[PDB]
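So here's one chain in two forms, each on its own in C-alpha cells, numbered structure 1 and structure 2.
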Structure 1
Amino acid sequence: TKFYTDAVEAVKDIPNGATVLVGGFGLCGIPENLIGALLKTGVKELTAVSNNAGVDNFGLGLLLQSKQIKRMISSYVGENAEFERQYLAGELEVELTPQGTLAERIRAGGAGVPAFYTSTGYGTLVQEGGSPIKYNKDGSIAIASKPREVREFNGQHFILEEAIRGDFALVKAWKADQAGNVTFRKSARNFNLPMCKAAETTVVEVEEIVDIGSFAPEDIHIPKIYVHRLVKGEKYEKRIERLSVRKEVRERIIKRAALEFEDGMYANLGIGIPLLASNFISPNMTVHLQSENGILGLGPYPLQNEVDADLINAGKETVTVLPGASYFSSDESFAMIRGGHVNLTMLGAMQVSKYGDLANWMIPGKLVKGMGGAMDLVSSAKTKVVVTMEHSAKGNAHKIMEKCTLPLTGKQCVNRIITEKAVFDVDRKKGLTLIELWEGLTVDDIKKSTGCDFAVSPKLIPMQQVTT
C-alpha cells in the first residue's frame, strides 16, 4: 500500500473514460474526499459503478452535477433529481443492475471469475434486455440493455452475468493500519469491501490511520494486498440523508403482515408496510431482520443520541441494531439473500400475477429508479415472499391480475399476497387461493377487485390482525 497525504495525488492519474467503482450505499460509506478530488481533477466521461447516485449534491451526485459521469452502473438511483434530469434527458447512461448482481459481479471481477449464473433478474428486463440505458429527449429509448443468456441448472433458470472490474475503485473505509489493512464501520462497509478487490488500482480513504497490530489479524476486513493507495480523508461530513428517530386500511395490511413473523425467523422487510409490521412483533418472539446493505439484526430507529450516519437501513433511514447483530459486505449480503438464507422477504408491490409474478420496480416513463435488491430478494425459491399492498389501484384498477403489465421484479416468486381485503396464498402452478377474507367483504367482493380467478380455501377464515 502506498500512502498519500493528498487525495488529489491519489487520483490524478484516472483517465477520462475510466470505469471507476465508487463505494457507498446511499450516503453511507461514500468516499467523500476521493469524490471531491475527482471534482478537482476534472476527469470526464467516467463509467461509475456505484450502487446508488448519492443525492443531488453529494456522493456520486457531485460528479453528476459536474457532468463527469458518462454512465452509471447502479441498482437504485432515487433521491437525486439531477440524476433523473440527466437520465431522462439522454445526457446520462444508466445500467440499472440488481443490487446483488452488482455486488456479485464486482466480487467476480476481483476473484478471477469472468461470469457466473444467478436467478436474480431471470424473467425480467435484466434477462430480457430492453432496460433503458439511454433515453432520447422525447422519452424513447436510445440504448437498451442487452439480454443476458439463460441456462437451466437443477430445474431452475439462471442468467449469466459477467464480472465487473474497474480501472480504479474509490473506497471509503473506517481505519487503515500502517501496513494498509483496512476495516469498515457498521453498515458503511456495503460495496466498499468488494470494490476494493475489483479494480486495477484501489484507492481507499479512511477516517483514521492506526498502528500496525491495531487489528486482530482475523478481523482485518480488507487485507492490505487489496489496498493499493491509501489516504486519510481530510474531512467527513457523513451527511445523514434520512433522519429517523424514535421517541424517548394500511393499518389493516400492517397488522395482518405482522402475523407473518415467526420466532427465530430471519426476515428482510421492504420499506413501508413490511417494516412498519415489524413494530408489532411479539416481545416474546425473536425475529432477525436482515438489511441488504449488509446488516443482520436491525433494531428500532435510534433515540436521538444513538443516531449514527454509518448505520442505516436499506431505506436509507438511520437505524440501530439489536444485540448479536453483525455487519457484512454487499456481496455477502446478497450471497445470504440469493442463497435463500433469509426465511421471509416481505415487500410492497405495484402488481402481482396469478402465479406469483411480481412487479415492483418500474413504471415505464414514470418511475425509473432501479430495482435495488428487489430482484435478488425474490430470487430464491427457499425464501417465502410475501407481498403487502393495497388490493386495488386508483380507479379500482386491478393490481392482482392474470399477468402483470408493469416490468417484472421476478417471475413466479410471490408466495402470499396480503391486502386490506384478502390474503391469498400463491402457487406458481395452481395460482391464487383466497385464505383470509376481511370481515364485511364477500368472496364476490374480492372477485370484483381481482383481475384473475382464485380458488377459495375450504378453510377460509376472517382476516387476522396482530393483537399488539
Structure 2
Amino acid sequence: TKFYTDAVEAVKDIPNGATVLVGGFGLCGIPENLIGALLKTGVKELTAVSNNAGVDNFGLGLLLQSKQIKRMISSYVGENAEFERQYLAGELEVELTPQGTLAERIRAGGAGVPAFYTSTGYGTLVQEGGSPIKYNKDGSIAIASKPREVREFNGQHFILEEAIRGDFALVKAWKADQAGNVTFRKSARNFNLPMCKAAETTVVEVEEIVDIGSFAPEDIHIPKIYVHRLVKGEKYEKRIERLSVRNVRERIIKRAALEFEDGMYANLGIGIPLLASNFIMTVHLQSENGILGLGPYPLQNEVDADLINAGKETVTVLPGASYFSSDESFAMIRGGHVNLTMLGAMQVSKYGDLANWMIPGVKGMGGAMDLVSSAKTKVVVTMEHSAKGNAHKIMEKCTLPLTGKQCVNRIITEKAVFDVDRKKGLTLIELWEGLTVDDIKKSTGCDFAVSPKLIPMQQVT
C-alpha cells in the first residue's frame, strides 16, 4: 500500500475514458474526497460503475454536473434530476443492472471468474435485451442492451452474466492501519468492499489512520493486498439524503402483519410492507444494502449517516445485528436464506409474474429482481386491488415490464388474499367481510379457485 496526503496525487494518472468503480449506496459510504479530486483533475469520458447516481449535487452527481461521465453501470438512478436530463438528451449512456448482479459481477471481476449464472433477471428485459442504453438528441435509440444467454440447471432457468473490472476503484472506508489494512463502518460497507478487489488500481479514502495492531487480524474487512493507494480524507460532510426520525392501506397493512412468524428472517419493501412491521414475536429484518436486524427509525440523537435502510432512510439496528457487503447481502438473498420477501406491486399475473419496477412513462430495478429470484423464499405482494378506473392489476398476463416470472406466492389486497401457484394459478383464501366472490371476480382480470375454507380477511389486533 502506498500512502498519500493529497487525494489529487492519488488519482492524477487516471486517463480519459477510464472505467472507474465508485463505492457507496445512496449517499452512504461514498468516496467524497476522491470524487472531489476527480473534479480537480477534470478527467473525462469516464465509464462509472456505481450502484446509484448520488444526488444532483453530491456523490456521482458531482461528476455529472461537470460532464466527466460518459457511461454508467448502475442498479437505481432515481433522485438525480441532472442524470435524468442528460440521459433523456442522449448525453449519457446507462446500463441498468440488477443490484445483486452488479455486486456479483464486480466480485467475479476480483476473483478470476469471467462469468457466472444467476436466476435474477430471467424472463425480464435483462434477459431479453433491447432496452435503450443511449438515446440520440431527437429521441431515437442510439444503443440498445444486448440479451443474456439462458441455460437450465437442476430444472430452473438462469442467465449468464460476465465479470466487471475497472481500471480504477474509488473506495470509502472507515479506518486503515499503517500497513494498509482497512475496515468499514455500519452500512457504509456496501459496494466499497467488493469494488476494492476488482480494479487494476484501487484508491481508498479513510476517516482515520490507526497503528498496526489496532485491529484484530480476524476483523480486517479488506486486507492490505487489495489496497494499492490510501489517503486520509480531508473533509467528511456526513450528508444525509433522507432524515427519518421517530381505510384501504391500513386494511392491507393489518393483514400483511399476520405474515410474520416468530424467528422469521424477512426483507420488507418500501411502504406497506415496512409499515406492517410496526404491528409485529422475534422477526429479523434484512436490508439489501447490507444489514441484518433493522430496528425503528432513530431518535434525533441516534441518527447516523453510516446507517440507512434500502429506501435510503436513516435507521437503527437491534441487539445482535450484523453488517456485511453488497456481494454478501445478495448471496444471502439469491441463495434463499431470507424466509419472507414482502413487496408492493403494480401488477401480478395468474401464475405469479410480478411487475413492480418500470412504468413506461426510468429509475432502475434496484434489488427487486434479486429479491424474487429464489423459489425458497416466500414472496408476498401487498397492493391495492385495482388501479385508476377499476383497471385490473391482478390479471392473466402483466402488461408492464416484469420483475420476475412465476415468483409470487401470495397476494394481499384490501379486498382479498390469494395464494398463487405457478402451475395451478390463484386461490382466494380470504375475503374482506361484506364483499362477495362476484365482487372479486369483477375486480380481477383472470379466473381463480375459491378455497372450501374461505374466511373473512384477518386483521392484526
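Residues that one form lacks are left out of the comparison. Here, residue number means position along structure 1's sequence, counting from 1. Take the two forms, find the largest set of C-alpha atoms that superpose within 1.5 Å, and that set is the rigid core.
Residue shifts between the two structures, rigid core superposed: of 137, 151, 341, 146, the only C-alpha displaced by 2 Å or more belongs to 137. In this core superposition, residue 431 moves its Cα by 0.7 Å between the two structures. Identified as moving between the two structures on the superposed core is the stretch 135-142 alone, made of at least three consecutive residues whose Cα atoms shift by 2 Å or more.
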